[PDB]
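Next up: just one chain, as structure tokens, the form deposited in one PDB entry.
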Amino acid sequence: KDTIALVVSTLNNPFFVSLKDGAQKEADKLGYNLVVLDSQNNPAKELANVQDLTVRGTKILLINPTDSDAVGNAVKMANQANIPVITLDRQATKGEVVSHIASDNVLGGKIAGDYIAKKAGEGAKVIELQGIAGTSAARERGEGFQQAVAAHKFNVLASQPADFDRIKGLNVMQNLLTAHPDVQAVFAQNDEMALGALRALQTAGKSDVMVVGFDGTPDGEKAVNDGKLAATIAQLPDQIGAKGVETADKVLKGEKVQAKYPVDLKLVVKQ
């Protein structure tokens, strides 16, 4: 029985427990023994986990980095030991990686935009609240939304960062609202920003302006069920873990794998 190892950023969040669960079910299904190591959101422990795995002759390393920049050296221990590395959710800035499996953030953003078109109409006047500048999530969600901006002929009144934060989402939306009162819809690159933006619009007496979030968090999905948030984009973390294990399998069977395998996601609306 061959062993596939999974170094997970943390098991303290439901998102990553699903990622582990999806990886476990797929591994069982493909006939592998999955060794799971928790990094406890600490790069030093992640580094120790990868070193432990190298000396125990692991065939492939599935690693969900605690941080893209900090994982560099952990990937390098695996690279030198000749253990193929596959990243999950977060990319590794440095180090040789055979494949990266994450959500299809581009499709996510396009989905959000298509929904805005469905409810606000073609050529709608929209505002976009971006995530932290430089992060891959903000970049990919942004280009996905731009695909919907082109296809649906959206007029983007404003597009500014709110750094994936609820308080900044609130304050930025407040500023943009007064400067662009003709806004018909908002696309926030995470539920925190969307909720922040919702709070801002509620305070100005503008709950007729639809807000679309992203992430499918407990708070985000709750807001959709209450009829506050028009929608959210839920990720499928279990599918990231499953696809990662399957890609490891293809690598172990002597196959050449794609660099990326963007995982599908779903539009969450009321009902």
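Numbers for residues come from their place in the sequence shown, where the first is 1.
Higher average CA B factor: 157-165, of the stretches 157-165 and 105-113.
The question of which stretch, 37-45 or 237-245, has the higher mean Cα B factor is settled in favour of 37-45. By the numbers in the PDB entry, the CA B factor is greatest at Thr178 among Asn190, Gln146, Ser99, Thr178.
Highest C-alpha temperature factor among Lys125, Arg139, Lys94, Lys118, as the PDB entry reports it: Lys94. Compared with the other modelled residues of the chain, the Cα B-factor recorded for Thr232 ranks in the lowest third. Ranked by Cα temperature factor within the chain, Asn73 sits in the highest third according to the deposited record.
Among all modelled residues in this chain, the alpha-carbon of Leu88 has a temperature factor (C-alpha) in the lowest third.
When the modelled residues of the chain are ordered by C-alpha B-factor, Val211 sits in the middle third.
The entry lists a Cα temperature factor for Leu195 that places it in the middle third of the chain's modelled residues.
There is also a form deposited in another entry; it is not shown, and the following applies to it.
Compared with the form shown here, the C-alpha atoms of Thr135 and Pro14 sit at least 3 Å closer together in the other form. Between the C-alpha atoms of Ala151 and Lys260, a gap widened by no less than 3 Å is obtained in the other form, as opposed to the form on display.
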